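pasting the first chains of the complex, positions unchanged:
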Amino acid sequence: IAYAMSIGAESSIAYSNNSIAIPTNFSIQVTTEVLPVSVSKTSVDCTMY
């Protein structure tokens, strides 16, 4: 199948010039980030190659 990229769901916020919205409840979530540190230490030789 072929389509166009959905950049995201189009949202709208009512900026009403005197109103705020305040959170009344919260949540705690754990996010996982993976970062490489090193690669394999490859040593080549003059003889035998």
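Cool, got the structure. Numbers count the residues shown, from 1 in each chain, chains lettered A, B, ... in the order given.

helix/strand/coil for the residue nearest the centre of chain A?
The residue lying closest to the centre of chain A (C-alpha atoms, centre = their mean) is residue A:33, at 8.9 Å. What DSSP: H, G, I helix; E, B strand; the rest coil gives for residue A:33 is coil.

residues in contact with it?
For residue A:33, no contacting residues are found, by C-beta atoms under 8 Å, 6 or more residues apart in numbering. In short, each C-beta sits where N, CA and C put it, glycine included.

What's the separation between it and residue A:41?
From residue A:33 over to residue A:41 the distance is 25 Å, taken as C-beta to C-beta, to the nearest Å.

here's chain B, add it to the model above:
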Amino acid sequence: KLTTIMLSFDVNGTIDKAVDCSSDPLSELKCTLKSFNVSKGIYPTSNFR
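Placed with the earlier chains, chain B looks like this:
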């Protein structure tokens, strides 16, 4: 006998010192690293023995 050796020379064309890297691991290190003074550490070596 046929042997690989390393020979140094001075400004006068005289031979300073020899290695003969078929006898000692330090000699093989000296022939591998192309030097007569070797810094402290670990070095892979060639197959001159």
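
Got the phi and psi for the residue nearest to the centre of chain A?
When read as degrees, to the nearest 10, the backbone of residue A:33 gives phi -120, psi 130.

which stretches of the chain form helices?
Chain wasn't specified; assuming chain A. All residues of chain A lie outside helices when identified by DSSP state H.

that's the wrong chain, I meant chain B
Going by DSSP H, chain B shows helices at B:25-32.

Identify the residue of it closest to chain A, quick one.
When scored by C-beta to the nearest C-beta, chain B has residue B:47 as its residue closest to chain A, at 4.3 Å.

Next, count neighbours for that residue.
Residue B:47: 11 surrounding residues under other C-beta atoms under 10 Å in any protein chain shown.
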